[PDB]
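Each remark here refers to the structure printed beneath this line.
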Amino acid sequence: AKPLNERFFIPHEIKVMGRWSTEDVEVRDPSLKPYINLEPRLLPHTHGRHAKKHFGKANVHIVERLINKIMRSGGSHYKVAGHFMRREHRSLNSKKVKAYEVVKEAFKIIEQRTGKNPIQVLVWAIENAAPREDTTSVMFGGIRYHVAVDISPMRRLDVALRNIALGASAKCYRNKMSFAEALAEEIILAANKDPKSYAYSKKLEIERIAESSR
Amino acid sequence: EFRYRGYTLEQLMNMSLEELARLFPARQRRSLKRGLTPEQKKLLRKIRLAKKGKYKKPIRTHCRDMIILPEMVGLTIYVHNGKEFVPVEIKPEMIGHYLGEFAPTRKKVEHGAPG
Amino acid sequence: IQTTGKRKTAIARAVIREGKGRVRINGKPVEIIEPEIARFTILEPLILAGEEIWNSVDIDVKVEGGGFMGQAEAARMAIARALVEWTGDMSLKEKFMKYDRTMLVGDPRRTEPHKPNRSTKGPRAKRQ
Amino acid sequence: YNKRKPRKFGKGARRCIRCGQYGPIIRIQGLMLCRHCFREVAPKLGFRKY
Amino acid sequence: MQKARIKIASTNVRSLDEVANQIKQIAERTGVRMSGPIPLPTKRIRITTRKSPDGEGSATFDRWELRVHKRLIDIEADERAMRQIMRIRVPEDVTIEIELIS
Amino acid sequence: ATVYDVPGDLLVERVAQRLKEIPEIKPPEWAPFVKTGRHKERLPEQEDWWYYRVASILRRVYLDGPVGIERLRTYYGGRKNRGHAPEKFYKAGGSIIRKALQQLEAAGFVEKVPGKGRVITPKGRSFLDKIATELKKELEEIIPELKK
Amino acid sequence: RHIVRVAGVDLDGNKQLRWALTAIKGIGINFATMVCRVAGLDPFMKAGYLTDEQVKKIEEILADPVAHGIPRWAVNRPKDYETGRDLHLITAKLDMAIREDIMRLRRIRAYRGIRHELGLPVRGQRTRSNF
RNA sequence: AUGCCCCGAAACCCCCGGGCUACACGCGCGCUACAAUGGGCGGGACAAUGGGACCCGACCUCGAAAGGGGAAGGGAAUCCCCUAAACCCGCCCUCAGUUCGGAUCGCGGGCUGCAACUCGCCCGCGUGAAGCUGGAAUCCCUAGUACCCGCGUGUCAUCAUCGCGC
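Chains as they are written, first to last, in the working numbering: chain A, 1 to 214; chain B, 215 to 329; chain C, 330 to 457; chain D, 458 to 507; chain E, 508 to 609; chain F, 610 to 757; chain G, 758 to 888.
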């Protein structure tokens with residue numbers, strides 16, 4: 001249990017989860033600044049009624065929101081390339097301890113693979129995976145037509161984190177490979193704007209189409 | 215010949231009820247140990263008489279839970295399948311099986327034209 | 330000083346006195362409880378209080394009811410209240426509020442009953 | 458021959474004391490009443506809706 | 508020393524409080540130490556039943572609840588005190604059980 | 610120091626390795642062929658699993674005082690899948706724990722209060738708290754905070 | 758030894774011995790485990806080292822499991838019909854035993870006999886919509 | 001409760017065998033199987049609605065075991081049901097219709113009841129189906145809530161994978 005107790009005592013000096021305090025980590029694009037909660041907290045879990053708050057979700061920590069997306073991602077109407085994604089075997093649903101442990105291994109992997117503060121790379125991935133324009137249907141005289149529309153920043157965060165989680169499910173499903181390694185790949189590929197990542201590719205798809213529907 | 219648990223049919227006749235039950239599976243032996251009903255017991259009296267010839271009557275029965283023993287080997291008993299007493303002759307291989315499995319009550323179910 | 334803590338069903342009863350720093354959960358040391366996340370939650374108020382008061386007082390807390398997460402959160406409530414009552418310091422209270430609004434308030438949430446029409450999966454669960 | 462056989466177990470053993478049906482007999486501390494008959498005697502039994 | 512344990516039970520709270528007040532007044536007027544009425548866990552008898560009298564209709568159900576309440580009175584032994592709990596006017600719904608403990 | 614001041618996993622491991630030496634505790638001739646619980650799906654993997662059971666069961670007698678067989682079965686029970694029907698919680702085997710308790714009772718570590726259970730003798734408490742304070746010394750060296 | 762033959766069937770050496778015997782129609786997981794423990798060898802070792810003496814040890818445990826310390830309830834057909842002795846049938850032995858039981862049930866005209874004749878279920882399963 | 005009509009050894013009653021479970025099949029709803037989150041050994045943080053007298057049954061002892069002999073306490077904050085379950089770790093297995101998953105057979109034991117093959121389940125044994133992510137289209141919830149995970153109990157010897165409610 002010595003790794004367990006080491007990670008227990010290291011954040012005694014208020015460090016997010018175990019290590020990697022939030023002070024060294026910055027924000028690049030000016031739009032995500034008032035919506036990413038980078039405040040120093042030992043655990044990313046408040047059990048808060050931020051849903052009741054029309055915009056109180058901005059106060060929840062980014063890793064907490066990432067787990068909030070990761071734990072509800074299985075079984076839905078989306079069939080990307082004709083696959084059914086679902087957690088048949090010990091679903092993460094209601095098992096936020098499982099999600100905690102898995103994304104804990106995810107932080108460890110990003111440490112041992114990039115050697116930098118994981119929160120900084122997460123900032124990079126979210127900043128580079130946010131689509132910036134979309135399509136909307138407007139009808140006038142019965143004349144439906146498509147329109148290019150700008151996106152709100154908070155929705156850009158929501159969609160970026162959802163791409164991260166949906167990518168983790170997508171690669172981890174139906175493979176010998178395991179969930180944490182996949183989440184690490186999605187994050188690292190988005191953080192360097194790797195188009196092979198589903199997050200950046202679908203950011204590009206959403207930005208396009210809307211690009212042409214003007 | 216015929217055998218049941220390493221004993222020939224004569225070896226089954228001479229054995230007593232206790233060990234004859236011992237050589238049966240759990241269900242039939244447990245039913246024997248827990249006893250028989252008096253309708254069952256009097257039917258056994260009738261079949262004992264028929265085996266000895268005193269009971270000349272065509273033997274009929276309704277007890278679908280009667281476990282057939284070696285002593286019933288070699289007679290024709292008629293069991294009530296639901297309308298009438300369908301006949302069955304008891305063979306040496308018949309031992310250890312309820313009579314009720316041998317009266318076809320549910321009939322054959324085949325398929326006509328769908329409507 | 331005696332202090333109380335309530336979270337859902339778990340109940341934490343804490344007694345704080347002078348001592349070396351021996352903090353015990355149901356009589357067990359806080360550092361050995363196998364769930365690491367629950368260990369984080371239990372240690373948060375005494376992480377934020379300070380090593381000085383951590384070593385100065387002795388707190389014995391007994392937690393009963395709920396799950397381990399409820400027990401840990403109730404214990405966190407109990408340590409927070411015990412520390413603030415023992416010190417009687419306003420600045421620690423304000424830091425606790427800034428860290429989270431529940432440290433002296435708590436969670437007034439409770440479970441809803443299971444209404445009919447397939448009550449099994451939860452309150453708001455119905456048939457197809 | 459006109460007697461009904463003595464049964465302690467099964468539905469045929471239990472009968473509602475008011476209506477006489479052989480179906481739904483709630484036996485919470487010995488009531489012996491059908492489930493729907495239970496409504497026509499609800500407020501005489503002391504029961505109250507909440 | 509000897510104590511009498513008096514368990515009172517009823518459905519209506521007012522009758523139980525009435526008998527408790529009468530017992531308390533009698534104990535104090537007889538000058539006997541009495542452990543005050545301890546309100547024991549009320550038992551909640553809950554019965555659910557489908558409101559549909561037939562197999563036709565949406566499945567609607569009704570839950571009815573009895574709240575039967577109980578109280579414990581531990582008094583010290585005194586014959587003059589025990590002679591004034593059989594004369595008390597007891598409402599019908601109130602049930603009283605008076606046992607003795609060393 | 611006592612068992613209450615040390616983790617359960619490490620303490621059960623220490624009691625198991627220590628009791629492996631004692632000759633009175635031994636897996637019966639039917640132990641290696643019969644799984645530890647009805648609910649279990651496969652057979653046990655390690656061959657030390659018997660002593661662990663002992664190493665746990667005596668610890669139980671250290672905590673609950675009087676213990677019987679059925680409550681031990683309910684505790685050691687677990688969740689088994691029933692195919693098309695859902696998973697269900699079932700009790701474990703009784704003969705294994707009964708034999709472990711009998712071997713410990715002959716070991717003098719536990720005794721029988723008829724009509725109340727099996728309780729732990731003072732010698733059993735001494736051995737258990739001796740292992741526990743050994744582990745507490747070791748973990749005090751590993752973790753100085755346990756001095757508190 | 759990547760390929761190992763025991764009791765007339767082939768097994769691969771990669772899988773562990775308890776898993777290796779699982780390819781024998783007539784040995785299961787628990788059965789393989791307890792026979793290899795009767796043998797005194799961990800069933801966990803890989804089946805590529807199965808030497809001949811241990812192979813024939815396993816073989817003669819298949820031949821007479823009861824005399825090898827195995828209890829009588831761990832065999833597939835305890836109290837065999839035609840002997841009254843508990844034994845563990847292997848391969849064509851199982852196949853012939855089940856064939857004999859099928860013909861026997863048909864002969865006596867049991868309900869199970871006709872269900873087996875029609876390829877029909879036996880244990881009271883309902884055919885209105887399933888199957 | 002009952003308008004009206006109809007039978008009166010019957011359109012009455014009683015007893016029993018079967019049926020209400022029968023299948024090439026269509027449809028609805030719940031349960032599970034479609035693994036590496038994983039299956040297996042061992043440790044530990046844990047409730048709660050209610051119930052219990054031919055009952056809860058602790059507990060001694062025997063039998064793998066379902067259970068048998070004895071047995072304390074209990075008619076309800078006093079005794080029992082009592083364990084929750086979710087979880088993490090010390091360790092093993094190594095992406096496979098298989099160490100998934102058990103249907104499906106036959107064997108031998110256990111409980112109940114006059115008796116379960118039509119017509120109960122469980123305990124262990126060789127055995128292992130289909131299923132390896134499923135079209136147009138498609139129903140519902142929105143904060144202790146959705147998701148997801150289990151306990152208990154009603155009715156009740158058993159039967160519900162159900163309803164209830166925790």
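Yeah, the Cβ is synthetic: ideal placement off N, Cα and C, and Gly gets one too.
Residue 652 of chain F belongs to the set of residues whose beta carbon lies under 7 Å from a beta carbon in chain G. Contact residues of the region 719-752 of chain F toward chain A are 751, 752 (C-beta to C-beta distance below 8 Å). Residue 118 of chain A counts as buried, since no fewer than 16 other beta carbons sit within 10 angstroms of its beta carbon.
Separation of the CB atoms of residue 606 of chain E and residue 512 of chain E is rounded to 5 Å, and the pair is thereby assigned contact status at 8 Å. Here residue 805 of chain G is near residue 758 of chain G, since their CB atoms are less than 7 Å apart. For residue 620 of chain F, the closest Cβ of chain C is not nearer than 7 Å. Rounded to the nearest whole angstrom, the C-alpha separation of residue 651 of chain F and residue 675 of chain F is 31 Å. The C-beta of residue 667 of chain F comes no closer than 7 Å to any C-beta of chain C. Around the beta carbon of residue 698 of chain F, fewer than 16 other beta carbons lie within 10 angstroms, which makes this residue exposed. With its beta carbon at least 7 Å from every one in chain F, residue 374 of chain C lies outside the interface. At the C-beta level, residue 180 of chain A and residue 123 of chain A stay beyond 7 Å of one another. Annotated three-state conformation of residue 803 of chain G is strand, per DSSP. Boundaries of the beta strand (DSSP E) around residue 690 of chain F: 687-691.
The beta carbons of residue 694 of chain F and residue 645 of chain F sit about 23 Å from each other, so the pair does not count as a contact at 8 Å. Setting aside the 5 residues that flank it on each side, residue 223 of chain B is surrounded in the same chain by 216, 306, each with a C-beta closer than 6 Å to its C-beta; the list follows chain order. The region 355-429 of chain C is shown to contain whole beta strand (DSSP E) runs of 3 or more residues at 386-393, in chain order.
According to DSSP, residue 490 of chain D shares a beta bridge with D/483.
Note that the region 727-746 of chain F does not touch the region 787-797 of chain G; fewer than 3 beta-carbon pairs, one per stretch, sit closer than 8 Å.
Using a CB distance below 8 Å, the part of the region 422-452 of chain C facing chain E consists of 445, 446, ordered along the chain. Secondary structure note for residue 726 of chain F: its beta strand (DSSP E) is the uninterrupted segment 726-729. Excluding sequence positions up to five before and after residue 777 of chain G, its CB lies within less than 6 Å of the CB of 768, 804, all in the same chain and listed in chain order.
In this structure, the alpha-carbon of residue 405 of chain C lies about 22 Å from that of residue 104 of chain A. Excluding its 5 nearest sequence neighbours in each direction, residue 715 of chain F has C-beta neighbours in its own chain below 8 Å: 633, listed in chain order.
Rounded to whole angstroms, the Cβ separation of residue 570 of chain E and residue 553 of chain E is 6 Å, and the two are in contact under 8 Å.
Note on residue 655 of chain F: under 16 other CB atoms within 10 angstroms of its CB, so exposed under the neighbour-count rule.
Within the region 25-44 of chain A, 41, 42, 43 place their CB atoms closer than 8 Å to a CB of chain C, listed in sequence order. For residue 831 of chain G, the closest Cβ of chain B is not nearer than 7 Å. The residue among G/851, G/793, G/838 with its C-alpha nearest the C-alpha of residue 309 of chain B is G/838. For residue 70 of chain A, the enclosing alpha helix (DSSP H) covers residues 62-70.
By the CB criterion at 7 Å, residue 401 of chain C and residue 371 of chain C fall inside the cutoff. If you draw a straight line from the Cα of residue 68 of chain A to the Cα of residue 687 of chain F, it is about 30 Å long. Residue pairing by DSSP places residue 109 of chain A in no beta bridge whatsoever. For residue 382 of chain C and residue 578 of chain E, the gap between their C-alpha atoms comes out near 46 Å. Residues of the same chain with a CB within less than 8 Å of the CB of residue 648 of chain F, apart from the 5 flanking positions on each side, are 686, 687, 688, 689, 698, 699, 700, 701 in chain order. Neighbours of residue 368 of chain C across chain A, judged by C-beta separation under 7 Å: 8.
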